[PDB]
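Enquirer: Here it is: the structure, laid out below.
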Amino acid sequence: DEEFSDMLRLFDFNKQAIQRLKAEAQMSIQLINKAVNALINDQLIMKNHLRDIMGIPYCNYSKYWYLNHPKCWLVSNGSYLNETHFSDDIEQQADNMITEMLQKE
Amino acid sequence: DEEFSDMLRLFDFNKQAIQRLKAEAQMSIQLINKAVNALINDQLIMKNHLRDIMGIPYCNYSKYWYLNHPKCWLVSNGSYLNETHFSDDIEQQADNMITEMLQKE
Amino acid sequence: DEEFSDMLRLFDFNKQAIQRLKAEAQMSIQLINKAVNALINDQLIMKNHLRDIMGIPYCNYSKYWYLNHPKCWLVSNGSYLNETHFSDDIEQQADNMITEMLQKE
């Protein structure tokens, strides 16, 4: 049981690295989603006020196949990005995994 | 060979965490790239139609050194973001690594 | 000390996966921040030149609680995204951790 504790200590360091990287990348992405969402907000305001471009329409579903490529608005009110949350049960199934490992020992 | 199986089980859990985090972060980024690309699209349409701002030019290469800081367009047709795909050979070199580990045993 | 070297080799492969994923995700995000920042730049230029929309004001702090939801500019000069750098001391505390592991052995 002494060699398995060193095993766990290696395992746990990496598990912590994974946990921290998720936490930081998520923070970083959520900050991105906030700016991209607010750009969208303001860009839809200008599209409703600027008279030169009120004549231009929004693309309709044919939009999900101009990404495989188009003079129409791609950004609409559905263009908003949803909050991004990664799976966080790392500290859970890991506790489970090794508890099943100790009930044989 | 019984202590090495517990080693592998710890190793494999973390490997799976890494694989899932990559998969989710990538999904999350690719969704970002789609909104940022379509903003760019529409913003370049407004730049070609709004008459008040047709007089403003696009910055020319001196643009890659206003990021170290500028009344000209930074976003042009080269501003699009490329599809982001992370390395995925995790399930490959890991199989290789431990197969070389078992042919001595 | 022969079973601990296989332990370390498993540990080190995953540590490398973590290091590479951080490196790639960061590259990917920093590219995003550059496009989102330059969109912001240009969008603030159009907000200062287009006469149809000079009458529209910027939201004032009541902005950090329209994200819980608003006809005012959400994107201002504070909207820029800061350079994102993830913790990179992985190759450091890992060397520390196992050096303390070898001074007992």
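Please note that chains go A, B, ... in the order of the structure tokens, that every chain numbers its residues from 1, and that ligands are numbered from 1 in the order shown.
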What are the coordinates of chain C as a PDB file with N, CA and C atoms, in the first residue's frame following a least-squares fit to chain A on all in-order C-alpha atoms?
Expert:
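Result file follows (out.pdb):
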ATOM      1  N   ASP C   1       0.848  -1.180   0.000  1.00  0.00           N
ATOM      2  CA  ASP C   1       0.000   0.000   0.000  1.00  0.00           C
ATOM      3  C   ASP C   1       0.891   1.240   0.000  1.00  0.00           C
ATOM      4  N   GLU C   2       2.209   1.047   0.097  1.00  0.00           N
ATOM      5  CA  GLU C   2       3.146   2.171   0.116  1.00  0.00           C
ATOM      6  C   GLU C   2       3.525   2.611  -1.289  1.00  0.00           C
ATOM      7  N   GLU C   3       3.547   1.671  -2.236  1.00  0.00           N
ATOM      8  CA  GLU C   3       3.808   2.012  -3.631  1.00  0.00           C
ATOM      9  C   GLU C   3       2.579   2.643  -4.269  1.00  0.00           C
ATOM     10  N   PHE C   4       1.390   2.291  -3.776  1.00  0.00           N
ATOM     11  CA  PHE C   4       0.167   2.877  -4.301  1.00  0.00           C
ATOM     12  C   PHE C   4      -0.019   4.313  -3.840  1.00  0.00           C
ATOM     13  N   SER C   5       0.630   4.729  -2.749  1.00  0.00           N
ATOM     14  CA  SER C   5       0.460   6.116  -2.335  1.00  0.00           C
ATOM     15  C   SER C   5       1.265   7.044  -3.244  1.00  0.00           C
ATOM     16  N   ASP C   6       2.463   6.619  -3.663  1.00  0.00           N
ATOM     17  CA  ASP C   6       3.229   7.367  -4.660  1.00  0.00           C
ATOM     18  C   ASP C   6       2.513   7.419  -6.000  1.00  0.00           C
ATOM     19  N   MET C   7       1.869   6.317  -6.381  1.00  0.00           N
ATOM     20  CA  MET C   7       1.035   6.291  -7.577  1.00  0.00           C
ATOM     21  C   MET C   7      -0.016   7.399  -7.512  1.00  0.00           C
ATOM     22  N   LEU C   8      -0.824   7.389  -6.442  1.00  0.00           N
ATOM     23  CA  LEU C   8      -1.841   8.407  -6.204  1.00  0.00           C
ATOM     24  C   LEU C   8      -1.264   9.815  -6.208  1.00  0.00           C
ATOM     25  N   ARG C   9      -0.064  10.012  -5.660  1.00  0.00           N
ATOM     26  CA  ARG C   9       0.466  11.373  -5.627  1.00  0.00           C
ATOM     27  C   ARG C   9       0.807  11.852  -7.031  1.00  0.00           C
ATOM     28  N   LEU C  10       1.342  10.966  -7.870  1.00  0.00           N
ATOM     29  CA  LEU C  10       1.541  11.354  -9.255  1.00  0.00           C
ATOM     30  C   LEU C  10       0.202  11.647  -9.905  1.00  0.00           C
ATOM     31  N   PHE C  11      -0.756  10.717  -9.743  1.00  0.00           N
ATOM     32  CA  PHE C  11      -2.089  10.830 -10.337  1.00  0.00           C
ATOM     33  C   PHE C  11      -2.756  12.139  -9.938  1.00  0.00           C
ATOM     34  N   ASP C  12      -2.520  12.565  -8.700  1.00  0.00           N
ATOM     35  CA  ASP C  12      -3.297  13.655  -8.143  1.00  0.00           C
ATOM     36  C   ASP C  12      -2.763  14.980  -8.637  1.00  0.00           C
ATOM     37  N   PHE C  13      -1.437  15.080  -8.801  1.00  0.00           N
ATOM     38  CA  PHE C  13      -0.817  16.266  -9.390  1.00  0.00           C
ATOM     39  C   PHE C  13      -1.375  16.532 -10.773  1.00  0.00           C
ATOM     40  N   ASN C  14      -1.384  15.510 -11.631  1.00  0.00           N
ATOM     41  CA  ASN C  14      -1.949  15.695 -12.961  1.00  0.00           C
ATOM     42  C   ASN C  14      -3.428  16.033 -12.876  1.00  0.00           C
ATOM     43  N   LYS C  15      -4.185  15.318 -12.040  1.00  0.00           N
ATOM     44  CA  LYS C  15      -5.594  15.672 -11.881  1.00  0.00           C
ATOM     45  C   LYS C  15      -5.757  17.151 -11.540  1.00  0.00           C
ATOM     46  N   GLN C  16      -4.883  17.691 -10.678  1.00  0.00           N
ATOM     47  CA  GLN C  16      -4.956  19.109 -10.329  1.00  0.00           C
ATOM     48  C   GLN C  16      -4.614  19.994 -11.518  1.00  0.00           C
ATOM     49  N   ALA C  17      -3.608  19.604 -12.306  1.00  0.00           N
ATOM     50  CA  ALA C  17      -3.310  20.350 -13.522  1.00  0.00           C
ATOM     51  C   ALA C  17      -4.534  20.424 -14.415  1.00  0.00           C
ATOM     52  N   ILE C  18      -5.146  19.279 -14.701  1.00  0.00           N
ATOM     53  CA  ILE C  18      -6.371  19.247 -15.489  1.00  0.00           C
ATOM     54  C   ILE C  18      -7.422  20.181 -14.901  1.00  0.00           C
ATOM     55  N   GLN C  19      -7.660  20.102 -13.583  1.00  0.00           N
ATOM     56  CA  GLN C  19      -8.670  20.958 -12.962  1.00  0.00           C
ATOM     57  C   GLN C  19      -8.355  22.441 -13.153  1.00  0.00           C
ATOM     58  N   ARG C  20      -7.099  22.846 -12.921  1.00  0.00           N
ATOM     59  CA  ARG C  20      -6.740  24.251 -13.094  1.00  0.00           C
ATOM     60  C   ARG C  20      -6.874  24.688 -14.548  1.00  0.00           C
ATOM     61  N   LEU C  21      -6.439  23.857 -15.501  1.00  0.00           N
ATOM     62  CA  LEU C  21      -6.499  24.277 -16.900  1.00  0.00           C
ATOM     63  C   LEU C  21      -7.936  24.504 -17.344  1.00  0.00           C
ATOM     64  N   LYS C  22      -8.828  23.579 -16.991  1.00  0.00           N
ATOM     65  CA  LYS C  22     -10.251  23.789 -17.224  1.00  0.00           C
ATOM     66  C   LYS C  22     -10.723  25.117 -16.635  1.00  0.00           C
ATOM     67  N   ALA C  23     -10.407  25.359 -15.358  1.00  0.00           N
ATOM     68  CA  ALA C  23     -10.863  26.577 -14.700  1.00  0.00           C
ATOM     69  C   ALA C  23     -10.394  27.815 -15.440  1.00  0.00           C
ATOM     70  N   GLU C  24      -9.119  27.864 -15.822  1.00  0.00           N
ATOM     71  CA  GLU C  24      -8.597  29.045 -16.508  1.00  0.00           C
ATOM     72  C   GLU C  24      -9.166  29.189 -17.924  1.00  0.00           C
ATOM     73  N   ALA C  25      -9.092  28.129 -18.727  1.00  0.00           N
ATOM     74  CA  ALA C  25      -9.651  28.195 -20.074  1.00  0.00           C
ATOM     75  C   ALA C  25     -11.110  28.636 -20.053  1.00  0.00           C
ATOM     76  N   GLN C  26     -11.903  28.104 -19.118  1.00  0.00           N
ATOM     77  CA  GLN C  26     -13.299  28.503 -19.002  1.00  0.00           C
ATOM     78  C   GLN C  26     -13.442  29.983 -18.684  1.00  0.00           C
ATOM     79  N   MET C  27     -12.717  30.461 -17.664  1.00  0.00           N
ATOM     80  CA  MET C  27     -12.717  31.893 -17.374  1.00  0.00           C
ATOM     81  C   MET C  27     -12.407  32.691 -18.629  1.00  0.00           C
ATOM     82  N   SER C  28     -11.383  32.255 -19.358  1.00  0.00           N
ATOM     83  CA  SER C  28     -10.927  32.934 -20.558  1.00  0.00           C
ATOM     84  C   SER C  28     -12.007  32.937 -21.636  1.00  0.00           C
ATOM     85  N   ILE C  29     -12.694  31.805 -21.819  1.00  0.00           N
ATOM     86  CA  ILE C  29     -13.753  31.725 -22.815  1.00  0.00           C
ATOM     87  C   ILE C  29     -14.955  32.549 -22.387  1.00  0.00           C
ATOM     88  N   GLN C  30     -15.350  32.454 -21.113  1.00  0.00           N
ATOM     89  CA  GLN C  30     -16.520  33.218 -20.670  1.00  0.00           C
ATOM     90  C   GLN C  30     -16.320  34.718 -20.872  1.00  0.00           C
ATOM     91  N   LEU C  31     -15.092  35.214 -20.647  1.00  0.00           N
ATOM     92  CA  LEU C  31     -14.762  36.598 -20.967  1.00  0.00           C
ATOM     93  C   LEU C  31     -14.918  36.857 -22.460  1.00  0.00           C
ATOM     94  N   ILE C  32     -14.537  35.881 -23.294  1.00  0.00           N
ATOM     95  CA  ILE C  32     -14.705  36.066 -24.732  1.00  0.00           C
ATOM     96  C   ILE C  32     -16.183  36.153 -25.077  1.00  0.00           C
ATOM     97  N   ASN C  33     -16.979  35.206 -24.564  1.00  0.00           N
ATOM     98  CA  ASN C  33     -18.405  35.190 -24.849  1.00  0.00           C
ATOM     99  C   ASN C  33     -19.061  36.493 -24.460  1.00  0.00           C
ATOM    100  N   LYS C  34     -18.614  37.123 -23.360  1.00  0.00           N
ATOM    101  CA  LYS C  34     -19.202  38.410 -22.989  1.00  0.00           C
ATOM    102  C   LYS C  34     -18.921  39.487 -24.046  1.00  0.00           C
ATOM    103  N   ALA C  35     -17.672  39.604 -24.519  1.00  0.00           N
ATOM    104  CA  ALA C  35     -17.405  40.611 -25.546  1.00  0.00           C
ATOM    105  C   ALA C  35     -18.094  40.257 -26.856  1.00  0.00           C
ATOM    106  N   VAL C  36     -18.045  38.990 -27.278  1.00  0.00           N
ATOM    107  CA  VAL C  36     -18.710  38.637 -28.530  1.00  0.00           C
ATOM    108  C   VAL C  36     -20.212  38.864 -28.425  1.00  0.00           C
ATOM    109  N   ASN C  37     -20.816  38.588 -27.259  1.00  0.00           N
ATOM    110  CA  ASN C  37     -22.251  38.837 -27.124  1.00  0.00           C
ATOM    111  C   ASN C  37     -22.583  40.323 -27.238  1.00  0.00           C
ATOM    112  N   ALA C  38     -21.771  41.180 -26.616  1.00  0.00           N
ATOM    113  CA  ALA C  38     -22.063  42.609 -26.613  1.00  0.00           C
ATOM    114  C   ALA C  38     -21.775  43.256 -27.966  1.00  0.00           C
ATOM    115  N   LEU C  39     -20.734  42.808 -28.668  1.00  0.00           N
ATOM    116  CA  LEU C  39     -20.602  43.180 -30.064  1.00  0.00           C
ATOM    117  C   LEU C  39     -21.888  42.892 -30.813  1.00  0.00           C
ATOM    118  N   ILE C  40     -22.347  41.636 -30.778  1.00  0.00           N
ATOM    119  CA  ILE C  40     -23.619  41.267 -31.396  1.00  0.00           C
ATOM    120  C   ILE C  40     -24.716  42.248 -31.016  1.00  0.00           C
ATOM    121  N   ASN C  41     -24.921  42.478 -29.707  1.00  0.00           N
ATOM    122  CA  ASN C  41     -25.946  43.436 -29.275  1.00  0.00           C
ATOM    123  C   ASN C  41     -25.848  44.748 -30.050  1.00  0.00           C
ATOM    124  N   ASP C  42     -24.690  45.413 -29.955  1.00  0.00           N
ATOM    125  CA  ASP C  42     -24.512  46.704 -30.595  1.00  0.00           C
ATOM    126  C   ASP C  42     -24.611  46.596 -32.096  1.00  0.00           C
ATOM    127  N   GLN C  43     -24.160  45.488 -32.691  1.00  0.00           N
ATOM    128  CA  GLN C  43     -24.197  45.417 -34.147  1.00  0.00           C
ATOM    129  C   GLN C  43     -25.634  45.317 -34.644  1.00  0.00           C
ATOM    130  N   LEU C  44     -26.499  44.676 -33.857  1.00  0.00           N
ATOM    131  CA  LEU C  44     -27.921  44.599 -34.178  1.00  0.00           C
ATOM    132  C   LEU C  44     -28.623  45.941 -33.959  1.00  0.00           C
ATOM    133  N   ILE C  45     -28.104  46.797 -33.062  1.00  0.00           N
ATOM    134  CA  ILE C  45     -28.638  48.152 -32.918  1.00  0.00           C
ATOM    135  C   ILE C  45     -28.315  48.987 -34.141  1.00  0.00           C
ATOM    136  N   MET C  46     -27.082  48.896 -34.625  1.00  0.00           N
ATOM    137  CA  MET C  46     -26.725  49.683 -35.798  1.00  0.00           C
ATOM    138  C   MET C  46     -27.494  49.217 -37.025  1.00  0.00           C
ATOM    139  N   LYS C  47     -27.798  47.919 -37.091  1.00  0.00           N
ATOM    140  CA  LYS C  47     -28.548  47.358 -38.206  1.00  0.00           C
ATOM    141  C   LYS C  47     -30.000  47.833 -38.208  1.00  0.00           C
ATOM    142  N   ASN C  48     -30.521  48.282 -37.059  1.00  0.00           N
ATOM    143  CA  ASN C  48     -31.883  48.796 -36.947  1.00  0.00           C
ATOM    144  C   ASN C  48     -31.974  50.316 -37.026  1.00  0.00           C
ATOM    145  N   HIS C  49     -30.855  51.014 -37.064  1.00  0.00           N
ATOM    146  CA  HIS C  49     -30.851  52.469 -37.064  1.00  0.00           C
ATOM    147  C   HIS C  49     -30.226  53.078 -38.302  1.00  0.00           C
ATOM    148  N   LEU C  50     -29.105  52.540 -38.768  1.00  0.00           N
ATOM    149  CA  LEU C  50     -28.436  53.081 -39.943  1.00  0.00           C
ATOM    150  C   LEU C  50     -29.335  52.905 -41.164  1.00  0.00           C
ATOM    151  N   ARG C  51     -29.705  54.017 -41.810  1.00  0.00           N
ATOM    152  CA  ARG C  51     -30.653  53.926 -42.918  1.00  0.00           C
ATOM    153  C   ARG C  51     -30.016  53.372 -44.193  1.00  0.00           C
ATOM    154  N   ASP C  52     -28.724  53.641 -44.436  1.00  0.00           N
ATOM    155  CA  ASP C  52     -28.066  53.121 -45.640  1.00  0.00           C
ATOM    156  C   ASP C  52     -28.209  51.602 -45.774  1.00  0.00           C
ATOM    157  N   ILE C  53     -28.300  50.875 -44.653  1.00  0.00           N
ATOM    158  CA  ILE C  53     -28.239  49.420 -44.625  1.00  0.00           C
ATOM    159  C   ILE C  53     -29.504  48.802 -44.050  1.00  0.00           C
ATOM    160  N   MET C  54     -30.592  49.569 -43.955  1.00  0.00           N
ATOM    161  CA  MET C  54     -31.845  48.939 -43.559  1.00  0.00           C
ATOM    162  C   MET C  54     -32.405  48.103 -44.691  1.00  0.00           C
ATOM    163  N   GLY C  55     -31.934  48.331 -45.916  1.00  0.00           N
ATOM    164  CA  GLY C  55     -32.441  47.574 -47.033  1.00  0.00           C
ATOM    165  C   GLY C  55     -31.896  46.182 -47.129  1.00  0.00           C
ATOM    166  N   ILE C  56     -30.778  45.914 -46.459  1.00  0.00           N
ATOM    167  CA  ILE C  56     -30.089  44.606 -46.502  1.00  0.00           C
ATOM    168  C   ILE C  56     -30.792  43.624 -45.571  1.00  0.00           C
ATOM    169  N   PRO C  57     -31.082  42.428 -46.010  1.00  0.00           N
ATOM    170  CA  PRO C  57     -31.856  41.519 -45.173  1.00  0.00           C
ATOM    171  C   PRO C  57     -30.940  40.565 -44.414  1.00  0.00           C
ATOM    172  N   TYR C  58     -31.520  39.817 -43.484  1.00  0.00           N
ATOM    173  CA  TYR C  58     -30.818  38.770 -42.757  1.00  0.00           C
ATOM    174  C   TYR C  58     -30.900  37.471 -43.547  1.00  0.00           C
ATOM    175  N   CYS C  59     -29.787  36.747 -43.635  1.00  0.00           N
ATOM    176  CA  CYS C  59     -29.830  35.455 -44.306  1.00  0.00           C
ATOM    177  C   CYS C  59     -30.770  34.530 -43.557  1.00  0.00           C
ATOM    178  N   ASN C  60     -31.452  33.657 -44.291  1.00  0.00           N
ATOM    179  CA  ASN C  60     -32.424  32.748 -43.701  1.00  0.00           C
ATOM    180  C   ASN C  60     -32.004  31.315 -43.965  1.00  0.00           C
ATOM    181  N   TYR C  61     -31.735  30.577 -42.881  1.00  0.00           N
ATOM    182  CA  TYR C  61     -31.228  29.206 -42.835  1.00  0.00           C
ATOM    183  C   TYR C  61     -30.231  28.848 -43.922  1.00  0.00           C
ATOM    184  N   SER C  62     -30.382  29.378 -45.133  1.00  0.00           N
ATOM    185  CA  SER C  62     -29.314  29.201 -46.109  1.00  0.00           C
ATOM    186  C   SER C  62     -28.002  29.745 -45.516  1.00  0.00           C
ATOM    187  N   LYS C  63     -28.068  30.316 -44.289  1.00  0.00           N
ATOM    188  CA  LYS C  63     -26.898  30.844 -43.579  1.00  0.00           C
ATOM    189  C   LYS C  63     -26.003  29.736 -43.042  1.00  0.00           C
ATOM    190  N   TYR C  64     -26.581  28.616 -42.569  1.00  0.00           N
ATOM    191  CA  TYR C  64     -25.773  27.511 -42.055  1.00  0.00           C
ATOM    192  C   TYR C  64     -25.039  26.756 -43.173  1.00  0.00           C
ATOM    193  N   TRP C  65     -25.119  27.277 -44.412  1.00  0.00           N
ATOM    194  CA  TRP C  65     -24.347  26.734 -45.526  1.00  0.00           C
ATOM    195  C   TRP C  65     -23.761  27.837 -46.409  1.00  0.00           C
ATOM    196  N   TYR C  66     -23.576  29.051 -45.870  1.00  0.00           N
ATOM    197  CA  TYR C  66     -22.554  29.983 -46.333  1.00  0.00           C
ATOM    198  C   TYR C  66     -21.295  29.918 -45.458  1.00  0.00           C
ATOM    199  N   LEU C  67     -21.338  29.184 -44.331  1.00  0.00           N
ATOM    200  CA  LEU C  67     -20.124  28.923 -43.555  1.00  0.00           C
ATOM    201  C   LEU C  67     -19.192  27.950 -44.273  1.00  0.00           C
ATOM    202  N   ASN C  68     -19.737  27.142 -45.187  1.00  0.00           N
ATOM    203  CA  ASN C  68     -18.985  26.352 -46.149  1.00  0.00           C
ATOM    204  C   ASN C  68     -18.574  27.183 -47.360  1.00  0.00           C
ATOM    205  N   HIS C  69     -18.353  28.485 -47.180  1.00  0.00           N
ATOM    206  CA  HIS C  69     -17.966  29.371 -48.274  1.00  0.00           C
ATOM    207  C   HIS C  69     -16.900  30.385 -47.837  1.00  0.00           C
ATOM    208  N   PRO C  70     -22.924  35.948 -50.721  1.00  0.00           N
ATOM    209  CA  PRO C  70     -23.452  35.956 -49.340  1.00  0.00           C
ATOM    210  C   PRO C  70     -23.630  37.367 -48.757  1.00  0.00           C
ATOM    211  N   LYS C  71     -24.404  38.215 -49.453  1.00  0.00           N
ATOM    212  CA  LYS C  71     -24.614  39.616 -49.063  1.00  0.00           C
ATOM    213  C   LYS C  71     -25.962  39.770 -48.344  1.00  0.00           C
ATOM    214  N   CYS C  72     -25.943  39.389 -47.064  1.00  0.00           N
ATOM    215  CA  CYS C  72     -27.070  39.420 -46.136  1.00  0.00           C
ATOM    216  C   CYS C  72     -26.493  39.258 -44.731  1.00  0.00           C
ATOM    217  N   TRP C  73     -27.278  39.635 -43.725  1.00  0.00           N
ATOM    218  CA  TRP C  73     -26.757  39.627 -42.357  1.00  0.00           C
ATOM    219  C   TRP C  73     -26.655  38.189 -41.826  1.00  0.00           C
ATOM    220  N   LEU C  74     -25.455  37.784 -41.397  1.00  0.00           N
ATOM    221  CA  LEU C  74     -25.241  36.491 -40.754  1.00  0.00           C
ATOM    222  C   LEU C  74     -25.519  36.532 -39.266  1.00  0.00           C
ATOM    223  N   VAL C  75     -25.421  37.693 -38.650  1.00  0.00           N
ATOM    224  CA  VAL C  75     -25.548  37.854 -37.216  1.00  0.00           C
ATOM    225  C   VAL C  75     -26.940  38.367 -36.928  1.00  0.00           C
ATOM    226  N   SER C  76     -27.745  37.573 -36.240  1.00  0.00           N
ATOM    227  CA  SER C  76     -29.100  37.981 -35.889  1.00  0.00           C
ATOM    228  C   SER C  76     -29.284  37.881 -34.379  1.00  0.00           C
ATOM    229  N   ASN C  77     -30.541  37.852 -33.942  1.00  0.00           N
ATOM    230  CA  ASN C  77     -30.793  37.720 -32.515  1.00  0.00           C
ATOM    231  C   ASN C  77     -30.584  36.301 -32.010  1.00  0.00           C
ATOM    232  N   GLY C  78     -30.484  35.324 -32.902  1.00  0.00           N
ATOM    233  CA  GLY C  78     -30.105  34.001 -32.473  1.00  0.00           C
ATOM    234  C   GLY C  78     -28.621  33.785 -32.438  1.00  0.00           C
ATOM    235  N   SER C  79     -27.843  34.793 -32.836  1.00  0.00           N
ATOM    236  CA  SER C  79     -26.392  34.656 -32.926  1.00  0.00           C
ATOM    237  C   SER C  79     -25.702  34.659 -31.568  1.00  0.00           C
ATOM    238  N   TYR C  80     -26.431  34.851 -30.479  1.00  0.00           N
ATOM    239  CA  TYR C  80     -25.780  34.964 -29.187  1.00  0.00           C
ATOM    240  C   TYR C  80     -25.172  33.637 -28.762  1.00  0.00           C
ATOM    241  N   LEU C  81     -24.071  33.725 -28.019  1.00  0.00           N
ATOM    242  CA  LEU C  81     -23.365  32.553 -27.537  1.00  0.00           C
ATOM    243  C   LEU C  81     -23.870  32.204 -26.152  1.00  0.00           C
ATOM    244  N   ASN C  82     -24.060  30.909 -25.916  1.00  0.00           N
ATOM    245  CA  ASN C  82     -24.542  30.449 -24.624  1.00  0.00           C
ATOM    246  C   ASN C  82     -23.387  30.320 -23.640  1.00  0.00           C
ATOM    247  N   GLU C  83     -23.704  30.531 -22.359  1.00  0.00           N
ATOM    248  CA  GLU C  83     -22.708  30.366 -21.311  1.00  0.00           C
ATOM    249  C   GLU C  83     -22.078  29.005 -21.472  1.00  0.00           C
ATOM    250  N   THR C  84     -20.762  28.975 -21.369  1.00  0.00           N
ATOM    251  CA  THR C  84     -19.988  27.753 -21.509  1.00  0.00           C
ATOM    252  C   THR C  84     -19.516  27.290 -20.140  1.00  0.00           C
ATOM    253  N   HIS C  85     -19.953  26.093 -19.750  1.00  0.00           N
ATOM    254  CA  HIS C  85     -19.505  25.433 -18.531  1.00  0.00           C
ATOM    255  C   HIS C  85     -19.057  24.028 -18.883  1.00  0.00           C
ATOM    256  N   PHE C  86     -17.796  23.728 -18.607  1.00  0.00           N
ATOM    257  CA  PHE C  86     -17.220  22.416 -18.798  1.00  0.00           C
ATOM    258  C   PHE C  86     -17.611  21.503 -17.645  1.00  0.00           C
ATOM    259  N   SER C  87     -17.643  20.201 -17.940  1.00  0.00           N
ATOM    260  CA  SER C  87     -17.797  19.163 -16.926  1.00  0.00           C
ATOM    261  C   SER C  87     -16.821  19.387 -15.790  1.00  0.00           C
ATOM    262  N   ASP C  88     -17.300  19.293 -14.555  1.00  0.00           N
ATOM    263  CA  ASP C  88     -16.447  19.554 -13.398  1.00  0.00           C
ATOM    264  C   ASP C  88     -16.432  18.405 -12.387  1.00  0.00           C
ATOM    265  N   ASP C  89     -16.991  17.250 -12.737  1.00  0.00           N
ATOM    266  CA  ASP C  89     -17.124  16.148 -11.794  1.00  0.00           C
ATOM    267  C   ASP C  89     -15.800  15.421 -11.614  1.00  0.00           C
ATOM    268  N   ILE C  90     -14.698  16.085 -11.981  1.00  0.00           N
ATOM    269  CA  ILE C  90     -13.380  15.458 -11.888  1.00  0.00           C
ATOM    270  C   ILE C  90     -13.132  14.987 -10.458  1.00  0.00           C
ATOM    271  N   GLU C  91     -13.248  15.899  -9.480  1.00  0.00           N
ATOM    272  CA  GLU C  91     -13.081  15.585  -8.062  1.00  0.00           C
ATOM    273  C   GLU C  91     -14.131  14.616  -7.535  1.00  0.00           C
ATOM    274  N   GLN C  92     -15.055  14.151  -8.370  1.00  0.00           N
ATOM    275  CA  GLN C  92     -16.095  13.232  -7.929  1.00  0.00           C
ATOM    276  C   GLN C  92     -15.770  11.823  -8.403  1.00  0.00           C
ATOM    277  N   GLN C  93     -15.817  11.550  -9.714  1.00  0.00           N
ATOM    278  CA  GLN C  93     -15.521  10.197 -10.194  1.00  0.00           C
ATOM    279  C   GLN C  93     -14.112   9.734  -9.842  1.00  0.00           C
ATOM    280  N   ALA C  94     -13.174  10.654  -9.636  1.00  0.00           N
ATOM    281  CA  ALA C  94     -11.863  10.235  -9.159  1.00  0.00           C
ATOM    282  C   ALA C  94     -11.943   9.696  -7.735  1.00  0.00           C
ATOM    283  N   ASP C  95     -12.721  10.351  -6.868  1.00  0.00           N
ATOM    284  CA  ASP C  95     -12.885   9.814  -5.523  1.00  0.00           C
ATOM    285  C   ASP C  95     -13.549   8.449  -5.583  1.00  0.00           C
ATOM    286  N   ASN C  96     -14.579   8.317  -6.427  1.00  0.00           N
ATOM    287  CA  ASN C  96     -15.237   7.030  -6.627  1.00  0.00           C
ATOM    288  C   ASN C  96     -14.255   5.982  -7.113  1.00  0.00           C
ATOM    289  N   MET C  97     -13.512   6.281  -8.181  1.00  0.00           N
ATOM    290  CA  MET C  97     -12.614   5.294  -8.773  1.00  0.00           C
ATOM    291  C   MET C  97     -11.697   4.675  -7.737  1.00  0.00           C
ATOM    292  N   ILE C  98     -11.061   5.496  -6.904  1.00  0.00           N
ATOM    293  CA  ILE C  98     -10.042   4.905  -6.044  1.00  0.00           C
ATOM    294  C   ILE C  98     -10.636   4.345  -4.758  1.00  0.00           C
ATOM    295  N   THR C  99     -11.840   4.774  -4.378  1.00  0.00           N
ATOM    296  CA  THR C  99     -12.522   4.106  -3.276  1.00  0.00           C
ATOM    297  C   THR C  99     -12.838   2.661  -3.639  1.00  0.00           C
ATOM    298  N   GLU C 100     -13.384   2.423  -4.840  1.00  0.00           N
ATOM    299  CA  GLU C 100     -13.485   1.046  -5.321  1.00  0.00           C
ATOM    300  C   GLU C 100     -12.129   0.354  -5.389  1.00  0.00           C
ATOM    301  N   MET C 101     -11.045   1.106  -5.527  1.00  0.00           N
ATOM    302  CA  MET C 101      -9.735   0.481  -5.509  1.00  0.00           C
ATOM    303  C   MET C 101      -9.287   0.089  -4.105  1.00  0.00           C
ATOM    304  N   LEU C 102      -9.759   0.781  -3.071  1.00  0.00           N
ATOM    305  CA  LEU C 102      -9.304   0.474  -1.723  1.00  0.00           C
ATOM    306  C   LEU C 102     -10.139  -0.598  -1.022  1.00  0.00           C
ATOM    307  N   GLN C 103     -11.391  -0.840  -1.452  1.00  0.00           N
ATOM    308  CA  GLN C 103     -12.244  -1.875  -0.858  1.00  0.00           C
ATOM    309  C   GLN C 103     -11.864  -3.287  -1.302  1.00  0.00           C
ATOM    310  N   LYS C 104     -10.804  -3.435  -2.096  1.00  0.00           N
ATOM    311  CA  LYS C 104     -10.079  -4.691  -2.260  1.00  0.00           C
ATOM    312  C   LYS C 104      -8.697  -4.622  -1.626  1.00  0.00           C
ATOM    313  N   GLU C 105      -7.923  -3.580  -1.964  1.00  0.00           N
ATOM    314  CA  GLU C 105      -6.616  -3.262  -1.360  1.00  0.00           C
ATOM    315  C   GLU C 105      -5.569  -4.354  -1.591  1.00  0.00           C
TER     316      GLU C 105
END
Enquirer: Among chain A, which ones does DSSP assign to alpha helix (DSSP H) (computed from the backbone)? Answer as number ranges by chain.
Expert: A: 3-49, 90-102
